[PDB]
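Next up: just one chain, as structure tokens, the form solved without ligand 94W.
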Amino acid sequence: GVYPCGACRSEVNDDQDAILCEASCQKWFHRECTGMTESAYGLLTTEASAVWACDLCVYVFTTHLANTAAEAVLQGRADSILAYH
């Protein structure tokens, strides 16, 4: 990979789960370096109007809010993650 992870500073490859901090610094982060769940990562991927903001730094989600929102969506408590922005 060309980009290093904004948390662990090791390379991010395209076959790893990784998310871009579009809210602010435009660095890539390995999913597992952020604490993001698999479900938050999946639901963020497909929500065009959501952007993620990393721990160092349209609807903005931190990892914690995306994780909380995904748990609510999978339990039928929320229609989409946008309800938690």
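Residue indices: 1-based, along the sequence shown.
Form solved in complex with ligand 94W: not shown, discussed below.
Colleague: Do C54 and ligand 94W share at least one heavy atom pair within 4.5 Å in the deposited complex?
Modeller: Residue-level check for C54: yes, a contact with ligand 94W.
Colleague: Whether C33 contacts ligand 94W in the deposited complex should be assessed with a 4.5 Å heavy atom distance threshold; does it?
Modeller: Close contact exists here: in the deposited complex, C33 approaches ligand 94W to within 4.5 Å, heavy atoms only.
Colleague: Taking heavy atoms only, is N67 within 4.5 angstroms of ligand 94W in the deposited complex?
Modeller: The answer is no: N67 has no heavy atom within 4.5 Å of ligand 94W.
Colleague: For 1 to 36: residues with a non-hydrogen atom within 4.5 angstroms of ligand 94W in the deposited complex?
Modeller: Going through 1 to 36 in order - heavy atoms within 4.5 Å of ligand 94W in the deposited complex - the hits are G6, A7, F29, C33, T34.
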